[PDB]
């Protein structure tokens, strides 16, 4: 039996949110799906309530990422995005007129979120509007620099700011704008999707122009970068001048070549994606420790956000025919990413890629109605929750904006690396509740003692192969039973 002491006096990062993305699919669901199904998805995502038996109803996410379209849909007769799922409309047209009735399905999702008490939005782009680009398309045709014309950084910044301002004037708190996605990526090799490579010089200009545009508009919105596809780009990795690597030192130190710290409207936070660094455990823990080491020595109190992930990689832990065992394996694999982001990288936010998917790689899997194909999902389908939804919820439903991570140390020291394959646990508080989330990654049931001031009991919520964040009643803290292969949230 293991004993953990919670220390309310040792405080780490402030929590901003847990999030997911509306990209690609929500345009269809919000516009076409049956009302009751739409509403049900919205409840699983946003609604912070318990059902009749005391079980959380969903993730109750506290940010929502909206994909501002670049118009690969209007421009589709060009050499554009090659499929109907992944094309986007654009509010702005080449004549400079705005049509805010577009992106209707996604606007439905904004409205549904707000209705459920979640009014915190981030607007993100995968490309500048097709007509502003070098290739005349959201599909770029080189890796030289950003697929955006040299005199259109201001036009693009103005487009992004006007869109945010429009939605603010409709009552939506669009608090962040993310102008560039995975700028390290060789996007010109990919027509499945909108995209652009970009250099740090490109990124710096976008920050500079957005900063100016936000000040002119006087909107309460901040700029988030760089959304690198792999956390390795946060440090220097090659000898190629153009590469947007070395993000932390070059962009988020005051003497960095492309330091953005001076910009008033910068969100003081670095965003990167979890991709390709979640396995093996040695890589998982080392790279995330490095983030916190380098970032916290910048003397600026800069936050970190893990801003995109889905199951993309393949490995022995998660690559398997579909099964209830595969299902919980995926849930625990991702819960481990979450824990290490929060505790090693000290992340202030953890964000999914698309909330819904046809695969088993995010919170909600969409199943064709029987006998139907994948394209039929543009119109109607069946909602299936994954264990990833529930293991995220262990965190997201209970770890609310404004809470701070606090210390929870065992009596016997474990290494970051050893914890990753056995038992991971972290705590958070708003001064009224203390929330502890324990991952039992091992194949053995474990018993723990939770020492938390003078408290004797907590409510337990449990996700296993059999359980979707099931409420387990008030439990004695001195003897908390952690099933093998489970995530438990303990609320004091």
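Positions refer to the first chain, counted from 1.
In this entry, the higher average B-factor at the C-alpha atoms falls on 410-418, of the pair 127-135 and 410-418. Higher mean CA temperature factor, per the PDB entry, when comparing 477-485 with 11-19: 477-485. Of the candidates 29, 447, 44, 70, it is 447 whose Cα B-factor is highest according to the PDB record. Note on the listed residues 307, 120, 289, 394: the highest Cα temperature factor in the record is that of 289.
When the CA B factors of the chain's modelled residues are split into thirds, the value for residue 360 lands in the middle one. The deposited CA B-factor of residue 54 belongs to the highest third of values across its chain. Among all modelled residues in this chain, the alpha-carbon of residue 97 has a temperature factor (C-alpha) in the middle third. Placement of the Cα temperature factor of residue 316 within the chain: highest third of the modelled residues, per the deposited record.
Compared with the other modelled residues of the chain, the Cα B-factor recorded for residue 179 ranks in the lowest third.
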